[PDB]
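These notes concern the structure reproduced below.
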Amino acid sequence: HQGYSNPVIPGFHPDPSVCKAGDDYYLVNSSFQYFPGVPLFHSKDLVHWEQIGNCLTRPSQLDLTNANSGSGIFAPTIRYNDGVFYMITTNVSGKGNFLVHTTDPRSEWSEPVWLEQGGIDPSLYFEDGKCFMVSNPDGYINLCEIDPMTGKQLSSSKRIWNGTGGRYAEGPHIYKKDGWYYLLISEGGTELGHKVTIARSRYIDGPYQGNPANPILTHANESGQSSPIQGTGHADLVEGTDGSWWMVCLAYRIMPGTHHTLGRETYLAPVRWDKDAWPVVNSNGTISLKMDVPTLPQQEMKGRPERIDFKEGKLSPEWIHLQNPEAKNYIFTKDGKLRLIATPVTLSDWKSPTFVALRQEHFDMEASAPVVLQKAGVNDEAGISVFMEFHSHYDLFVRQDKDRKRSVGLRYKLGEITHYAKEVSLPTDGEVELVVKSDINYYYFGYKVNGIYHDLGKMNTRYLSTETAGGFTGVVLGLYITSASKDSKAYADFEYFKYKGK
Ligand SMILES: OC[C@@H]1NC[C@H](O)[C@H]1O
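Residue 395 is where the sequence shown starts when you use this note's numbering, and the numbers rise one by one after that.
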């Protein structure tokens with residue numbers, strides 16, 4: 395009933411959108427180049443969320459050909475109307491705006507319904523048995539009516555608002571309250587200028603008048619300059635079960651030199667919204683890591699195990715691949731291990747490697763996995779990658795050398811630099827566990843064999859940040875295998891993956 399910590403969904407979880415279905419809440423984030431796409435969460439209190447799935451789970455729903463951290467799936471919106479859930483988003487590397495739908499969030503969602511109106515950040519609003527679509531073609535928020543089952547546009551597109559004048563007017567959502575249509579948007583860009591603004595009109599098609607108190611949420615001003623949270627925006631308003639009001643939004647946690655490696659994460663703010671008043675977010679349009687505020691009655695949910703095993707023969711919804719995966723290269727062994735089949739595709743090829751990953755969700759964490767490389771030719775490797783983009787990743791691996799010898803290697807890829815930090819000979823026998831630790835300043839790398847941990851050294855976090863590397867994503871920690879020999883049939887078994895955040 396009182397108190398929570400932000401972010402409510404840590405790590406790479408941007409552009410949150412939320413809907414209420416009775417006493418259940420469902421939330422979606424953008425996923426860019428990763429498959430499956432559009433993680434789907436469930437909560438009873440808005441504070442604790444369980445990843446129950448992903449909306450885009452089949453290749454036919456999600457073409458990721460040549461997708462990267464600056465493309466693929468952009469902001470999604472989720473809405474619930476008359477027993478049907480709708481997830482509407484843009485595939486920027488593919489065919490653009492579309493939705494998928496289902497009567498059961500945990501099931502396989504529909505095939506894509508492709509939509510006519512352009513721009514990005516498509517969103518839906520329902521009234522009087524009609525479905526209204528907004529999006530932002532040419533930097534104008536445009537409104538139309540659609541049949542959401544067929545994708546047919548039923549009225550012409552009308553321009554309605556283009557914000558208060560801030561850059562990149564986007565993330566439009568319509569709500570109706572107290573006889574007003576409210577249009578909530580983001581301005582200022584998704585970096586340090588991010589801000590939430592709002593306007594209203596008696597008519598859905600305008601004219602919209604901006605809140606004299608805009609912006610309603612931002613850390614861009616003097617009031618936010620000292621905050622460890624920055625870039626607050628891309629919000630979605632939602633009603634509490636007790637009649638209170640809330641917004642979910644994106645933001646990020648800054649690091650020395652103005653860097654962020656954990657991506658844009660999902661945050662929660664209380665909203666005062668009296669009858670016939672404009673909404674006010676958390677008194678002064680800011681948020682904090684510790685939120686000492688009343689809440690809906692709190693119910694804890696299932697989270698990431700500290701030791702994930704592969705005995706059930708299914709990866710959880712949290713695991714993600716690069717672009718569309720070669721599904722045959724991920725298999726489960728008789729004795730319940732994850733088996734990755736090698737291909738020659740490296741982590742710098744801008745194509746899908748045999749690679750499967752979990753989002754890093756804490757500044758301070760330790761991740762590890764045992765690695766059993768088998769049937770390997772010389773230079774074949776398997777291990778863990780701290781991965782931001784195809785040109786920006788740190789690789790820790792067991793490599794097959796000549797004469798049945800092996801070694802542990804540590805390779806940093808940063809644009810034109812491919813830097814071998816360490817190459818250390820392994821003992822002929824002994825199961826190797828690879829270990830990656832971090833704090834806000836460094837990644838630390840090591841390996842454990844025969845009960846002894848060896849330090850391989852450290853590398854700066856900043857070179858993998860969004861500010862350095864570009865794109866719209868966060869660091870993921872990936873298990874991978876790459877072959878680099880004649881006709882290799884190499885594979886590697888991973889018995890578990892350990893992750894613990896401080
Ligand atoms: O986070 C990806 C895009 N950034 C701005 C826009 O609102 C989003 O779709």
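The beta-carbon is built from N, C-alpha and C at its ideal position, and this holds for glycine as well.
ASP797 sits exposed, since fewer than 16 C-beta atoms from the chains shown fall within 10 Å of its C-beta. Taking the Cβ atoms as the reference, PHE435 lies roughly 7 Å from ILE403, within the contact range of under 8 Å. The closest heavy atom of ligand 1 lies less than 8 Å from the beta carbon of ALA469. For the 9 Å CB-CB criterion, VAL826 and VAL750 do not form a contact.
Note: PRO433 is bridge-paired with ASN448 in the DSSP secondary-structure output.
Within the same chain, Cβ atoms closer than 6 Å to the Cβ of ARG666 are found at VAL674, the five residues on either side in sequence being excluded. DSSP, reduced to helix, strand and coil, places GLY625 within a strand of the structure shown. Residue state for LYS728 is assigned as coil, using DSSP reduced to three classes.
CA-CA distance, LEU752 to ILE714, rounds to 7 Å. Taking 9 Å as the cut-off, the Cβ atoms of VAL642 and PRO433 do not count as close. Nearest to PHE479 by C-alpha distance, out of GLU889, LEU873, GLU502, is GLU502. Apart from sequence neighbours up to five positions away, the residues of its chain that approach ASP758 with a beta-carbon distance below 8 Å are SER832, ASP833, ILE834, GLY895, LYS896, ordered along the chain. A buried status is given to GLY777, since no fewer than 16 other beta-carbon atoms sit within 10 Å of its beta-carbon. The shortest CA-to-CA distance from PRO499 to any of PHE520, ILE472, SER859, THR635 is the one to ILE472. A buried status is given to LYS589, since no fewer than 16 other beta-carbon atoms sit within 10 Å of its beta-carbon.
Our two residues, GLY840 and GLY488, have alpha carbons roughly 40 Å apart in a direct line. Of the candidates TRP443, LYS414, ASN423, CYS413, the residue whose Cα lies closest to the Cα of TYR398 is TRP443. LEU611 and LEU683 have their C-alpha atoms some 15 Å from each other. When the five nearest sequence neighbours on each side are left out, the beta carbons in the same chain lying within less than 6 Å of the beta carbon of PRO688 are those of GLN396, in order along the chain. At least one heavy atom of ligand 1 is found less than 8 Å from the C-beta of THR584.
Beta-bridge partners assigned by DSSP to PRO506: none are found. The way I'd put it, the stretch 422-432 does touch the stretch 440-459; three or more beta-carbon pairs between them come closer than 8 Å. Here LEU690 is near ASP636, since their CB atoms are less than 9 Å apart.
Within the same chain, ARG856 come within 7 Å of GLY651 by CB-CB distance, once the 5 residues on both sides are set aside.
According to DSSP, residue pairing for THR876 in a beta bridge involves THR737, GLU775. Each residue's CA atom was taken as its position, placing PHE520 and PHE526 some 6 Å apart. Per DSSP, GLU861 is one residue of the alpha helix (DSSP H) stretching across 860-863. Of the other Cβ atoms in all chains shown, fewer than 16 fall within 10 Å of the Cβ of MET543; this residue is therefore exposed.
Taken through DSSP and simplified to helix, strand or coil, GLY618 comes out as helix. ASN605 sits close to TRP672, with the two beta carbons spaced by under 9 Å. Here the distance from the Cβ of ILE778 to the nearest heavy atom of ligand 1 is not below 8 Å.
Using a Cβ distance threshold of 9 Å, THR862 and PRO747 do not count as a contacting pair.
With a cut-off of 8 Å, the C-beta of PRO408 is classified as near ligand 1, since at least one heavy atom of the ligand falls inside that distance. Of the candidates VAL772, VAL780, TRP744, the residue whose Cα lies closest to the Cα of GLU760 is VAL780. Rounded to the nearest angstrom, the Cβ distance from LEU734 to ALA886 is 5 Å, consistent with a contact under 8 Å.
Sixteen is the threshold: when 16 or more other Cβ atoms of the shown chains lie within 10 Å of the Cβ of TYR893, as they do, the residue is buried.
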